[PDB]
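Listed next as structure tokens is one chain, alone, in the form deposited in one PDB entry.
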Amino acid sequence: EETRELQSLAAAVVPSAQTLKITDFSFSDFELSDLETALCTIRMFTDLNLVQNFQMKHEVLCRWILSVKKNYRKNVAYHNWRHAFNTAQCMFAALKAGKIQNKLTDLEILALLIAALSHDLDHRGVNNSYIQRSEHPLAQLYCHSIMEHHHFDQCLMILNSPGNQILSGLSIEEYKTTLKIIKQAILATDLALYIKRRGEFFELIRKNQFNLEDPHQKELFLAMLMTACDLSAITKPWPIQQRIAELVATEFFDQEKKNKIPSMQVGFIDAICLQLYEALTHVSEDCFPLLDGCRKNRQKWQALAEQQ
């Protein structure tokens, strides 16, 4: 058992990117089995040249993927393996379809994919902070990045695990740089951090001073990209988005029915999502499909919200 799943995975052919649909921003995972997401994930690595460039062994990447999947909680409604998988998927799409691959280094890409996949490891549920309570008090500094420090702890734990060391093909200098960025990438998924840094990102777009050769503006962009992907369900074709909002809602009430939801989706869109997917689109307007999706979802939640 469990060694079960790996034999299946290690053996099977990985369908192409076209065949798995992973290049579409409109991607949906609902039909897929856990087994099929694993394959999608391998394809993500392979088609980003990561298996080649960092000489990853196939058995190892497979065991890492299942270990990552294993370490989410199915009992949690939204913050689970499928959320993480979708975030990686979105990061895939944004690199290929949104043409961001060409604006980044290989280590950068490697670290973002591992980050995205790993960015909510061990999440227990939004209203259900056991990570918070049974911790050292002196969690009052409120680095908020505190859940996110847990996630990175767990990301590093798996990375290091025997069988699972997909970064062992790196040089010690490469490994250090990569991990640095995984850390920043996962901590960037704290929304408090996004709120605190987006002004700078939007100013540079507004004032037209934006420049990725500046190492500081690189890191910034990577935090913003991570957030974009993490939220990206908000951009999905309406009937997917609705279902995802349902899971979000389950978790946000269960540790004035669907009634509350529409107003809250619009709130969240307006407060957070809209401006980000606008900015991303200025940087690369092949990412427009996310903006478009975000807006179309807004029209639809607004219309319903008005007691249709």
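We number the residues from 1 along the sequence you see. Only residues modelled in both forms are compared. Each form is matched to the other, and the largest set of C-alpha atoms that superpose within 1.5 Å is called the rigid core.
Heads up, the form deposited in another entry isn't pictured, but that's what we're talking about next.
Relative to the superposed core, which single residue of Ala97, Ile195, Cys143, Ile205 shows a CA shift of 2 Å or more between the shown form and the other one?
-> Per the superposition, the moving residue is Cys143.
Align on the rigid core first; then say whether the Cα of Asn160 has moved by at least 2 Å between the shown form and the other one.
-> Shift of 2 Å or more: no.
Core fit, then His216 C-alpha moves 2 Å or more between the shown form and the other one = After core superposition, the displacement of the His216 C-alpha between the shown form and the other one stays below 2 Å, so no.
After a core superposition, would you say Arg133 shifts its C-alpha by at least 2 Å between the shown form and the other one?
-> Yes, its C-alpha moves 2 Å or more.
Work out whether the Cα atoms of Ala249 and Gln132 come closer together or move farther apart in the other entry than they are in this form, the change being 3 angstroms or more.
-> It is farther: the C-alpha separation of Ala249 and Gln132 rises by at least 3 Å in the other entry.
Direction of Cα pair change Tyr130-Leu187 in the other entry, magnitude 3 angstroms or more = Compared with the form shown here, the C-alpha atoms of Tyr130 and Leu187 sit closer together in the other entry, by 3 Å or more.
With the core superposed, could you pull out the runs of three or more residues whose CA atoms all shift by at least 2 Å between the shown form and the other one?
-> When the rigid core is held fixed, residues 130-144 make up the only run that shifts.
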